[PDB]
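Okay, so here's the structure we're looking at.
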Amino acid sequence: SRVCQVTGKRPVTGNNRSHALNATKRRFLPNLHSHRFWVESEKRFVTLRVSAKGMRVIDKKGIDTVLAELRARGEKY
Amino acid sequence: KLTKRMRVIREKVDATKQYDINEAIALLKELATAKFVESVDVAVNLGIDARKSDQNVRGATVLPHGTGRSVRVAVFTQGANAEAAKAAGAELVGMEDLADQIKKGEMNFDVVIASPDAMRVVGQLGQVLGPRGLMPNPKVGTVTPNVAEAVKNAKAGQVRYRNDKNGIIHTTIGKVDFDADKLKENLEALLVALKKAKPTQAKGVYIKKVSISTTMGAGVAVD
Amino acid sequence: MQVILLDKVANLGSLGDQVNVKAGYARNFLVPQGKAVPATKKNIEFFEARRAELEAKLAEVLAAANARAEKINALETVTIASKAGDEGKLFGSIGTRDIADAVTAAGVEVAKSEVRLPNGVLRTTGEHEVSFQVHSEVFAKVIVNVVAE
RNA sequence: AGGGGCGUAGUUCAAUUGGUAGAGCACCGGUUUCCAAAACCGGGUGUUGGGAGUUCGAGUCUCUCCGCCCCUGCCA
RNA sequence: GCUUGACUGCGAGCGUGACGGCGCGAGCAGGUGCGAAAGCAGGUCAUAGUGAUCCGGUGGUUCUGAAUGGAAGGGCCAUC
RNA sequence: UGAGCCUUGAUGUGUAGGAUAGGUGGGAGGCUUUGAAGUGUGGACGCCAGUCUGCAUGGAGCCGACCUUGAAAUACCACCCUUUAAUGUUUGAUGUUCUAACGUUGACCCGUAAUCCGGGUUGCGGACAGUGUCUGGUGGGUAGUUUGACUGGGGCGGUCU
RNA sequence: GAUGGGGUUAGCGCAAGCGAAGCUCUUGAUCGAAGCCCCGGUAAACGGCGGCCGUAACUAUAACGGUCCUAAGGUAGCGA
RNA sequence: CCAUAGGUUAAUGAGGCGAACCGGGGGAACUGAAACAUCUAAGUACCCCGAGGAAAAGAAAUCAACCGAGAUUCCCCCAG
Ligand SMILES: [Mg+2]
Ligand SMILES: [Mg+2]
Ligand SMILES: [Mg+2]
Ligand SMILES: [Mg+2]
Ligand SMILES: [Mg+2]
Ligand SMILES: [Mg+2]
């Protein structure tokens, strides 16, 4: 499903407003993108479904550090 | 193209950048390079544009330092005001005879002052005095019952100003030989009067730029 | 996205030059191709450490260069003899082989290559001025006395 | 509301852009031919919506007094 | 002819409405105008010319001001 | 190839006239082998009336200055205004040459007894496409509703203070 | 987020007041595509195919029109 | 090419059921407003996930107001 593998961002629900404030249910989905991240230690490309906000944290945290937290959650690669 | 006289003028002043009053007045004193004594020529640009009728400004200011610019005063008045005008030093005082002298072409005066009763006679001179801007106007204080004061107030260094179509102010604070400190006071006194004259609707910086120049001198910006 | 260069990528500079550059550029190109590494505190200290390491290496190779230099520069004149060369017509030359051993004197070894013999191949007999180049910037000097057999 | 726009002879529409408002067709005349009609002219048609400024002087620029507009816009 | 009473604060007592309300009012206080004064003037001979509340806008105001000093906002007055 | 300013050059005919006489002061000056006037095309533009000055030539002349003219002059200056032209400064708009993101429902290899999927190789495309947030337009495609009362029944007509 | 307006206060002022810097409330210059306005095309696209006036050797009628509305006013064929 | 993916064993663990209570992910409409859009109904009904005997919450970047209080939960007031 539409879940970020780094930040865990998932679709959330809200209201479409209007000039009359009429509220209709809607969904907010993350800005997810499938990207192939280069992991130096394995000298390989690993593809991750990440949000645009997740991309920013990868530079700040390091490619190895973020993957270590994902392994704590436990998943396939 | 440019001669040596003109090139040294622009070499002394670099007008591409702004200058402060202290520096500007120093530059003005070094720009006085002419055979005859020069007069400071004001070059102040107003953000407000006279293209709107109601935004026009007419004003007057008496300067203690003075300018030196000829101040021969012709006065249109009768009775006690004629004696008071003569006692105040008016060079010419009369009514119909002086108006007819003006019609005959005797224009040996620089400033006309009229009493409101004399406006009937001065109105006939509108074809002559109007195009030259010599016509007395109440908004500049040259139409007053206190004729003696208007003759006084003038004489020394009373200066006039009227906005043009391009919304620019071209007055004269005084002669170039005047001391820098006095000239700074002269322009400063002028500047406060302009602030009072400013209207309200004008949604723009009252002054678009302040510059000073002499007869052949370059324009130095004032800050 | 601060990153420390590892080579002379385009106009960014040369190896070892931290420069500010748009995130995407390095996030996917410099690093997955190995052309650079983020100049992060941790990485930058290692970088500067390696830098200073090689810097002290250069210092030593040039420090030990002046060592060899002085060792043989100050006098250290040689007078080894070999073939039937005497005076007048010194007959044969002294070349890379014998000369190296001479100045070495079983000690100050100077490679036969460095034995830069400027004045031809030193055929005439007499005082001769021979220089050595222990290091590229070091300009060493030696005097050689040739004597008969 | 806010930003662009327009109101010249009975017929509409050009302009000038401060100095200087024509053409259109309708009408009456005059030409043209042996004669008619068509054509070609003369000419009678105006305050440039209106009002006031600015001006040496503006139908022209400005302020606008409005009508008629196109775009756009707001919870008594 | 001269003027701004088309005044401000009030108001005994009444009228008419289910009510919201609407209408009339001598007199009182402060300041006016016209009269020499007595006096008259709180719009127009009278009865139609009109729209509640909420919300928002404007001016005024020592009323309020979420620790305190301000301020925002609110209240009151004038008013759209 | 855009739109800016910055500076510079150039541009200012209702007319009278000096006439290619912006705007406003300053201004009696002006003015100058440093190229006096000149003289020769540097002139291009323009009203073809005029204007500025490749540069060479000559060496002190040059010019506020009537009249009308708004009017006194690209004789005099700040420097600006219009017509602008070049010049310096900034965002973008397409086009292209890329690959490295990304795409491949192109080929090939492997997982593999596999027209899925994944990985690899390669080709093509490529900073597009596509997707997310925000946003303008469109949208009976799909919803939630409204669509008054009096009234010789109702509607229609009329009426509502 | 150009510019302008407010709030606050370091400070200066007997205090009236002024007001640095910072923070903050707001004003919205500039940029900005489609769309709309605008310019064309398209009816085996959805659709539309009227009035007025004059005019044939008698009348009549109006081809021959003219005129207005309009975008343009019904052809062939058929028709109580 | 190492590797990696993959593959084969061996150990453990989980699978389902069950009343309500609990936490979380989704989430109405009828109705009320004497209509009806904001609003109400209602984060209710319902669906889904997970856990326990309880769950959840919990040891101040909390309140107070210049005095002080000292985690969370629950009850009565404050208070319609
Ligand atoms: Mg009356
Ligand atoms: Mg309903
Ligand atoms: Mg009914
Ligand atoms: Mg029948
Ligand atoms: Mg209801
Ligand atoms: Mg248990």
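Letters A, B, ... go to the chains of the structure tokens in the order shown; residues in each chain start at 1; ligands are counted from 1 in the same order.
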Inset, instruction - Report as a PyMOL selection string the set of chain F residues whose atoms approach chain A to within 10 Å, with distances computed over only C-alpha atoms (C1' of nucleotides). - result: chain F and resi 101-102+131-133
Could you please take those selected residues and save N, CA, C and O atoms (P, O5', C5', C4', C3', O3' and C1' of nucleotides) as a PDB file, in the first residue's frame?
ATOM      1  P     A F 101      20.547   6.572 -12.947  1.00  0.00           P
ATOM      2  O5'   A F 101      19.364   7.049 -11.996  1.00  0.00           O
ATOM      3  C5'   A F 101      19.646   7.619 -10.728  1.00  0.00           C
ATOM      4  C4'   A F 101      18.622   8.658 -10.350  1.00  0.00           C
ATOM      5  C3'   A F 101      17.169   8.282 -10.585  1.00  0.00           C
ATOM      6  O3'   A F 101      16.632   7.482  -9.546  1.00  0.00           O
ATOM      7  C1'   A F 101      17.568  10.449 -11.438  1.00  0.00           C
ATOM      8  P     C F 102      15.999   6.048  -9.890  1.00  0.00           P
ATOM      9  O5'   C F 102      14.760   6.414 -10.819  1.00  0.00           O
ATOM     10  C5'   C F 102      13.715   7.243 -10.336  1.00  0.00           C
ATOM     11  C4'   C F 102      12.864   7.758 -11.466  1.00  0.00           C
ATOM     12  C3'   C F 102      12.385   6.714 -12.459  1.00  0.00           C
ATOM     13  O3'   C F 102      11.250   5.998 -12.009  1.00  0.00           O
ATOM     14  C1'   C F 102      13.283   8.549 -13.635  1.00  0.00           C
ATOM     15  P     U F 131      -0.152  10.811 -13.545  1.00  0.00           P
ATOM     16  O5'   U F 131       0.361  10.864 -12.040  1.00  0.00           O
ATOM     17  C5'   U F 131       0.381   9.691 -11.244  1.00  0.00           C
ATOM     18  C4'   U F 131       1.233   9.874 -10.015  1.00  0.00           C
ATOM     19  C3'   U F 131       0.806  10.983  -9.068  1.00  0.00           C
ATOM     20  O3'   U F 131      -0.258  10.600  -8.216  1.00  0.00           O
ATOM     21  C1'   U F 131       3.128  11.136  -9.451  1.00  0.00           C
ATOM     22  P     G F 132      -1.270  11.708  -7.647  1.00  0.00           P
ATOM     23  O5'   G F 132      -0.411  12.423  -6.515  1.00  0.00           O
ATOM     24  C5'   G F 132      -0.067  11.723  -5.330  1.00  0.00           C
ATOM     25  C4'   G F 132       0.713  12.595  -4.383  1.00  0.00           C
ATOM     26  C3'   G F 132       0.092  13.942  -4.057  1.00  0.00           C
ATOM     27  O3'   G F 132      -0.903  13.858  -3.054  1.00  0.00           O
ATOM     28  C1'   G F 132       2.368  14.237  -4.605  1.00  0.00           C
ATOM     29  P     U F 133      -2.161  14.854  -3.078  1.00  0.00           P
ATOM     30  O5'   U F 133      -1.558  16.220  -2.536  1.00  0.00           O
ATOM     31  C5'   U F 133      -1.057  16.316  -1.213  1.00  0.00           C
ATOM     32  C4'   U F 133      -0.383  17.641  -0.997  1.00  0.00           C
ATOM     33  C3'   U F 133      -1.208  18.851  -1.398  1.00  0.00           C
ATOM     34  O3'   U F 133      -2.155  19.214  -0.409  1.00  0.00           O
ATOM     35  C1'   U F 133       0.965  19.057  -2.290  1.00  0.00           C
TER      36        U F 133
END
Inset, instruction - Give me, as a list in words, the contact residues of chain A against chain D at a cut-off of 12 Å, counting only C-alpha atoms (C1' of nucleotides). - result: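 Per the criterion, chain A yields residues 19, 20 and 21 of chain A.
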Serialized selection, N, CA and C atoms, as a PDB file, in the first residue's frame:
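Everything below was put into selection.pdb:
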ATOM      1  N   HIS A  19     -16.124  28.029  -0.593  1.00  0.00           N
ATOM      2  CA  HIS A  19     -16.460  29.365  -0.123  1.00  0.00           C
ATOM      3  C   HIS A  19     -17.635  29.342   0.842  1.00  0.00           C
ATOM      4  N   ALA A  20     -18.426  28.271   0.828  1.00  0.00           N
ATOM      5  CA  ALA A  20     -19.512  28.078   1.775  1.00  0.00           C
ATOM      6  C   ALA A  20     -19.140  27.095   2.875  1.00  0.00           C
ATOM      7  N   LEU A  21     -17.860  26.719   2.964  1.00  0.00           N
ATOM      8  CA  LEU A  21     -17.341  25.854   4.022  1.00  0.00           C
ATOM      9  C   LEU A  21     -17.931  24.448   4.010  1.00  0.00           C
TER      10      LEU A  21
END
Inset, instruction - Give as a list in words the residues surrounding ligand 2 up to a distance of 9 Å, considering only C-alpha atoms (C1' of nucleotides) and all ligand atoms. - result: residues 144 and 145 of chain F; 29, 30, 31 and 36 of chain H
Suppose we keep C-alpha atoms (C1' of nucleotides); can you now write the selection as a PDB file, in the first residue's frame?
ATOM      1  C1'   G F 144     -27.265  16.700  -1.115  1.00  0.00           C
ATOM      2  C1'   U F 145     -31.376  19.966  -1.508  1.00  0.00           C
TER       3        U F 145
ATOM      4  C1'   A H  29     -27.728   8.745   7.356  1.00  0.00           C
ATOM      5  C1'   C H  30     -32.456   9.200   9.202  1.00  0.00           C
ATOM      6  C1'   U H  31     -33.308  13.142  12.583  1.00  0.00           C
ATOM      7  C1'   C H  36     -32.545  23.417   4.043  1.00  0.00           C
TER       8        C H  36
END
Inset, instruction - Tell me which protein, DNA and RNA residues are within 9 Å of residue 65 in chain C, counting only C-alpha atoms (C1' of nucleotides), leaving out same-chain ones fewer than 6 positions away, and put them as a list in words. - result: residues 134, 135 and 138 of chain C
Legend entry - Contacts of ligand 1, 12 Å or closer, only C-alpha atoms (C1' of nucleotides) and all ligand atoms, given as an MDAnalysis selection string: chainID E and resid 6 41 43:45
Inset, instruction - Would you list the contacts of residue 23 in chain G as a list in words, taking every protein, DNA or RNA residue within 12 Å and counting only C-alpha atoms (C1' of nucleotides), but skipping same-chain residues closer than 3 positions in sequence? - result: residues 7, 8 and 9 of chain G
Inset, instruction - Write as number ranges by chain the residues around ligand 5, taking 10 Å as the cut-off and counting only C-alpha atoms (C1' of nucleotides) and all ligand atoms. - result: H: 31-36, 40
Inset, instruction - Output the contact residues of chain B with respect to chain F at a cut-off of 7 Å, based on only C-alpha atoms (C1' of nucleotides), as a ChimeraX atom specification. - result: /B:4,41,43,164,166,170-171,213,215-216,218-219
Please report as a tab-separated table every residue of chain H lying within 12 Å of ligand 6, along with the nearest atom pair and their distance in Å (one decimal), using only C-alpha atoms (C1' of nucleotides) and all ligand atoms.
residue	atom	partner	partner_atom_place_in_ligand_line	distance
H:51	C1'	ligand 6	1 (Mg)	10.7
H:52	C1'	ligand 6	1 (Mg)	6.6
H:53	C1'	ligand 6	1 (Mg)	5.5
H:54	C1'	ligand 6	1 (Mg)	9.3
Inset, instruction - Step by step, measure atom-to-atom distances between ligand 3 and each residue using only C-alpha atoms (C1' of nucleotides) and all ligand atoms, keep those at most 10 Å, then write them as a list in words. - result: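 My answer, listing the contacting residues, is residues 148, 149, 150, 151, 154 and 155 of chain F.
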Inset, instruction - For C1' of residue 76 in chain E and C1' of residue 59 in chain E, determine how far apart the two atoms are, in Å to one decimal place. - result: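 The value is 13.4 Å.
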Legend entry - Distance query residue 69 in chain C at most 12 Å, only C-alpha atoms (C1' of nucleotides), self and fewer than 4 positions along chain excluded, as number ranges by chain: C: 62-65, 73-76, 103, 108-110, 131-142
Selected residues written out, N, CA, C and O atoms, as an mmCIF file, in the first residue's frame:
data_model
loop_
_atom_site.group_PDB
_atom_site.id
_atom_site.type_symbol
_atom_site.label_atom_id
_atom_site.label_comp_id
_atom_site.auth_asym_id
_atom_site.auth_seq_id
_atom_site.Cartn_x
_atom_site.Cartn_y
_atom_site.Cartn_z
ATOM 1 N N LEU C 62 61.355 14.821 2.348
ATOM 2 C CA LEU C 62 62.171 15.999 2.106
ATOM 3 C C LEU C 62 63.064 16.302 3.296
ATOM 4 O O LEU C 62 64.143 16.879 3.121
ATOM 5 N N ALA C 63 62.646 15.911 4.503
ATOM 6 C CA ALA C 63 63.520 16.067 5.660
ATOM 7 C C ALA C 63 64.711 15.127 5.538
ATOM 8 O O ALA C 63 65.866 15.542 5.691
ATOM 9 N N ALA C 64 64.442 13.847 5.265
ATOM 10 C CA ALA C 64 65.509 12.883 5.037
ATOM 11 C C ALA C 64 66.298 13.200 3.775
ATOM 12 O O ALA C 64 67.436 12.740 3.635
ATOM 13 N N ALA C 65 65.715 13.969 2.852
ATOM 14 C CA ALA C 65 66.448 14.399 1.668
ATOM 15 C C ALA C 65 67.596 15.322 2.052
ATOM 16 O O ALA C 65 68.742 15.112 1.637
ATOM 17 N N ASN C 73 77.154 16.626 0.989
ATOM 18 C CA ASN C 73 77.427 17.972 0.494
ATOM 19 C C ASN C 73 78.722 18.510 1.084
ATOM 20 O O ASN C 73 79.696 18.727 0.356
ATOM 21 N N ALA C 74 78.726 18.755 2.396
ATOM 22 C CA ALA C 74 79.904 19.254 3.096
ATOM 23 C C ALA C 74 81.124 18.394 2.800
ATOM 24 O O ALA C 74 81.225 17.267 3.290
ATOM 25 N N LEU C 75 82.060 18.933 2.017
ATOM 26 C CA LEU C 75 83.256 18.207 1.605
ATOM 27 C C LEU C 75 82.906 16.817 1.088
ATOM 28 O O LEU C 75 82.290 16.683 0.026
ATOM 29 N N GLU C 76 83.291 15.787 1.846
ATOM 30 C CA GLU C 76 83.056 14.390 1.476
ATOM 31 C C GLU C 76 83.665 14.116 0.100
ATOM 32 O O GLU C 76 83.046 13.518 -0.775
ATOM 33 N N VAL C 103 81.345 7.828 -4.178
ATOM 34 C CA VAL C 103 80.684 8.756 -3.269
ATOM 35 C C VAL C 103 80.019 7.998 -2.131
ATOM 36 O O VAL C 103 79.959 8.487 -0.997
ATOM 37 N N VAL C 108 77.263 6.500 2.130
ATOM 38 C CA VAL C 108 76.369 7.506 1.562
ATOM 39 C C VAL C 108 75.893 7.090 0.176
ATOM 40 O O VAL C 108 76.293 7.685 -0.830
ATOM 41 N N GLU C 109 75.046 6.064 0.111
ATOM 42 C CA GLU C 109 74.595 5.533 -1.173
ATOM 43 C C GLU C 109 73.751 6.550 -1.929
ATOM 44 O O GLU C 109 72.751 7.045 -1.406
ATOM 45 N N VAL C 110 74.165 6.877 -3.150
ATOM 46 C CA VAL C 110 73.405 7.749 -4.041
ATOM 47 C C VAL C 110 73.179 6.991 -5.342
ATOM 48 O O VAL C 110 74.137 6.477 -5.927
ATOM 49 N N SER C 131 77.481 17.175 -9.284
ATOM 50 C CA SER C 131 76.331 17.389 -8.422
ATOM 51 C C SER C 131 75.485 16.125 -8.346
ATOM 52 O O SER C 131 75.531 15.261 -9.226
ATOM 53 N N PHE C 132 74.706 16.030 -7.272
ATOM 54 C CA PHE C 132 73.735 14.965 -7.095
ATOM 55 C C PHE C 132 72.368 15.563 -6.807
ATOM 56 O O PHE C 132 72.252 16.678 -6.291
ATOM 57 N N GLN C 133 71.331 14.808 -7.158
ATOM 58 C CA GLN C 133 69.936 15.173 -6.913
ATOM 59 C C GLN C 133 69.260 14.107 -6.057
ATOM 60 O O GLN C 133 68.590 13.211 -6.568
ATOM 61 N N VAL C 134 69.422 14.210 -4.738
ATOM 62 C CA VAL C 134 68.756 13.250 -3.865
ATOM 63 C C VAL C 134 67.246 13.455 -3.925
ATOM 64 O O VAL C 134 66.475 12.487 -3.915
ATOM 65 N N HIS C 135 66.798 14.707 -3.990
ATOM 66 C CA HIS C 135 65.384 15.025 -4.112
ATOM 67 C C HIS C 135 65.213 16.098 -5.182
ATOM 68 O O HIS C 135 66.151 16.828 -5.515
ATOM 69 N N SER C 136 63.994 16.168 -5.725
ATOM 70 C CA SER C 136 63.713 17.012 -6.884
ATOM 71 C C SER C 136 64.094 18.468 -6.643
ATOM 72 O O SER C 136 64.566 19.152 -7.560
ATOM 73 N N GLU C 137 63.900 18.965 -5.423
ATOM 74 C CA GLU C 137 64.270 20.333 -5.086
ATOM 75 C C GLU C 137 65.649 20.444 -4.444
ATOM 76 O O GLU C 137 66.211 21.544 -4.405
ATOM 77 N N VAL C 138 66.224 19.341 -3.983
ATOM 78 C CA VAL C 138 67.530 19.380 -3.334
ATOM 79 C C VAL C 138 68.613 19.413 -4.404
ATOM 80 O O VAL C 138 68.636 18.571 -5.309
ATOM 81 N N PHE C 139 69.517 20.385 -4.302
ATOM 82 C CA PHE C 139 70.607 20.569 -5.259
ATOM 83 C C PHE C 139 71.916 20.338 -4.509
ATOM 84 O O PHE C 139 72.522 21.276 -3.984
ATOM 85 N N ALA C 140 72.346 19.081 -4.462
ATOM 86 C CA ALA C 140 73.540 18.697 -3.727
ATOM 87 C C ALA C 140 74.792 18.929 -4.568
ATOM 88 O O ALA C 140 74.733 19.111 -5.787
ATOM 89 N N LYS C 141 75.941 18.919 -3.893
ATOM 90 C CA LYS C 141 77.208 19.298 -4.498
ATOM 91 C C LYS C 141 78.312 18.428 -3.917
ATOM 92 O O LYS C 141 78.347 18.187 -2.707
ATOM 93 N N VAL C 142 79.222 17.975 -4.781
ATOM 94 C CA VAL C 142 80.335 17.120 -4.381
ATOM 95 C C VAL C 142 81.551 17.481 -5.225
ATOM 96 O O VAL C 142 81.428 17.905 -6.378
#
Inset, instruction - Would you list the contacts of range 35-48 of chain G as a PyMOL selection string, taking every protein, DNA or RNA residue within 12 Å and counting only C-alpha atoms (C1' of nucleotides), but skipping same-chain residues closer than 2 positions in sequence? - result: (chain D and resi 4-5+69-72) or (chain F and resi 136-138) or (chain G and resi 33+50+70-74)
Legend entry - Residue list (helix (DSSP H, G or I), DSSP) for chain C, as number ranges by chain: C: 23-30, 41-73, 96-104
Selected residues, C-alpha atoms, written as a tab-separated table (two decimals), in the first residue's frame, please.
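Writing done, so here's out.tsv:
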chain	number	residue	atom	x	y	z
C	23	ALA	CA	21.11	18.32	-2.80
C	24	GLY	CA	19.97	16.22	-5.77
C	25	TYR	CA	23.33	16.59	-7.51
C	26	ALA	CA	25.24	14.58	-4.85
C	27	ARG	CA	22.28	12.65	-3.40
C	28	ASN	CA	22.23	10.50	-6.55
C	29	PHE	CA	25.27	11.20	-8.77
C	30	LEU	CA	28.51	11.96	-6.95
C	41	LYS	CA	32.02	16.44	10.43
C	42	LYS	CA	32.94	12.76	10.82
C	43	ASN	CA	34.04	12.29	7.21
C	44	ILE	CA	35.83	15.65	7.06
C	45	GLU	CA	38.03	14.88	10.06
C	46	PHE	CA	39.10	11.57	8.52
C	47	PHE	CA	39.74	13.46	5.28
C	48	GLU	CA	41.89	16.11	6.95
C	49	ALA	CA	43.66	13.38	8.91
C	50	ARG	CA	44.64	11.52	5.75
C	51	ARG	CA	45.62	14.91	4.32
C	52	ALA	CA	47.93	15.71	7.22
C	53	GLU	CA	49.22	12.12	7.13
C	54	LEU	CA	50.43	12.42	3.54
C	55	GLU	CA	51.65	15.94	4.36
C	56	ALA	CA	53.98	14.66	7.06
C	57	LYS	CA	55.06	11.92	4.65
C	58	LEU	CA	56.18	14.61	2.20
C	59	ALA	CA	57.88	16.45	5.05
C	60	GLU	CA	59.91	13.37	6.01
C	61	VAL	CA	60.90	12.43	2.46
C	62	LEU	CA	62.17	16.00	2.11
C	63	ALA	CA	63.52	16.07	5.66
C	64	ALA	CA	65.51	12.88	5.04
C	65	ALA	CA	66.45	14.40	1.67
C	66	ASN	CA	68.35	17.24	3.33
C	67	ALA	CA	69.86	14.54	5.56
C	68	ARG	CA	71.51	12.69	2.65
C	69	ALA	CA	72.29	16.09	1.10
C	70	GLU	CA	74.33	17.46	4.01
C	71	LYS	CA	75.88	14.04	4.73
C	72	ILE	CA	77.67	14.24	1.37
C	73	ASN	CA	77.43	17.97	0.49
C	96	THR	CA	77.48	5.56	-13.28
C	97	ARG	CA	79.13	2.34	-12.05
C	98	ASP	CA	82.34	3.36	-10.29
C	99	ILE	CA	81.24	6.90	-9.34
C	100	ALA	CA	78.25	5.70	-7.34
C	101	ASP	CA	80.46	3.39	-5.30
C	102	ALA	CA	83.02	6.18	-4.83
C	103	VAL	CA	80.68	8.76	-3.27
C	104	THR	CA	78.91	5.97	-1.38
Legend entry - Separation of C1' of residue 30 in chain E from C1' of residue 12 in chain E in Å: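 So the answer is 20.2 Å.
Residues in contact with residue 21 in chain D at 9 Å, where only C-alpha atoms (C1' of nucleotides) are counted and same-chain residues fewer than 6 positions away are skipped, are listed as residues 8, 15, 46, 48 and 59 of chain D.
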Inset, instruction - Find the residues in chain B near chain D: any atom within 12 Å counts, using only C-alpha atoms (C1' of nucleotides). Write them as a PyMOL selection string. - result: chain B and resi 49-56+126-128+130-132+164-165
Dump of N, CA, C and O atoms for the selected residues, as a compact mmCIF listing (two decimals), in the first residue's frame:
# COMPACT_ATOMS: atom_id res chain seq x y z
N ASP B 49 3.25 63.44 -8.91
CA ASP B 49 3.20 64.03 -10.24
C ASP B 49 2.01 64.97 -10.33
O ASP B 49 0.89 64.61 -9.96
N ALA B 50 2.26 66.19 -10.82
CA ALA B 50 1.24 67.22 -11.03
C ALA B 50 0.23 66.87 -12.11
O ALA B 50 -0.59 67.74 -12.44
N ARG B 51 0.23 65.66 -12.68
CA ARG B 51 -0.78 65.30 -13.67
C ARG B 51 -2.17 65.27 -13.07
O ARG B 51 -3.16 65.46 -13.80
N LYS B 52 -2.28 65.06 -11.76
CA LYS B 52 -3.55 65.21 -11.05
C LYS B 52 -3.72 66.67 -10.66
O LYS B 52 -2.81 67.28 -10.09
N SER B 53 -4.89 67.23 -10.96
CA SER B 53 -5.11 68.66 -10.78
C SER B 53 -5.00 69.04 -9.31
O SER B 53 -4.32 70.02 -8.95
N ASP B 54 -5.65 68.28 -8.43
CA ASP B 54 -5.70 68.62 -7.02
C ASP B 54 -4.35 68.48 -6.32
O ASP B 54 -4.19 69.00 -5.21
N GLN B 55 -3.39 67.80 -6.94
CA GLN B 55 -2.09 67.57 -6.32
C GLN B 55 -1.09 68.68 -6.60
O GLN B 55 0.07 68.57 -6.17
N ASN B 56 -1.49 69.73 -7.30
CA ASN B 56 -0.59 70.85 -7.54
C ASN B 56 -0.26 71.57 -6.24
O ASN B 56 -1.08 71.65 -5.32
N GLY B 126 -2.66 90.49 -17.05
CA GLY B 126 -2.51 89.04 -17.10
C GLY B 126 -1.86 88.54 -18.38
O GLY B 126 -1.14 87.53 -18.36
N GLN B 127 -2.11 89.21 -19.50
CA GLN B 127 -1.48 88.80 -20.76
C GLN B 127 0.03 89.02 -20.72
O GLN B 127 0.77 88.30 -21.41
N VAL B 128 0.50 90.00 -19.96
CA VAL B 128 1.93 90.29 -19.89
C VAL B 128 2.58 89.57 -18.72
O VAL B 128 3.62 88.92 -18.87
N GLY B 130 1.24 87.12 -16.79
CA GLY B 130 0.88 85.72 -16.70
C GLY B 130 1.89 84.76 -17.29
O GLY B 130 2.37 83.85 -16.61
N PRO B 131 2.23 84.92 -18.58
CA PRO B 131 3.21 84.00 -19.18
C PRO B 131 4.57 84.04 -18.51
O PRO B 131 5.29 83.04 -18.52
N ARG B 132 4.95 85.18 -17.92
CA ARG B 132 6.22 85.30 -17.22
C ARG B 132 6.16 84.81 -15.78
O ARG B 132 7.20 84.79 -15.11
N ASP B 164 6.04 71.75 -11.84
CA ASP B 164 5.91 71.65 -13.29
C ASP B 164 5.05 70.43 -13.64
O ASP B 164 4.41 69.83 -12.77
N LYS B 165 5.03 70.06 -14.91
CA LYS B 165 4.22 68.92 -15.33
C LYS B 165 4.88 67.61 -14.93
O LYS B 165 4.20 66.65 -14.58
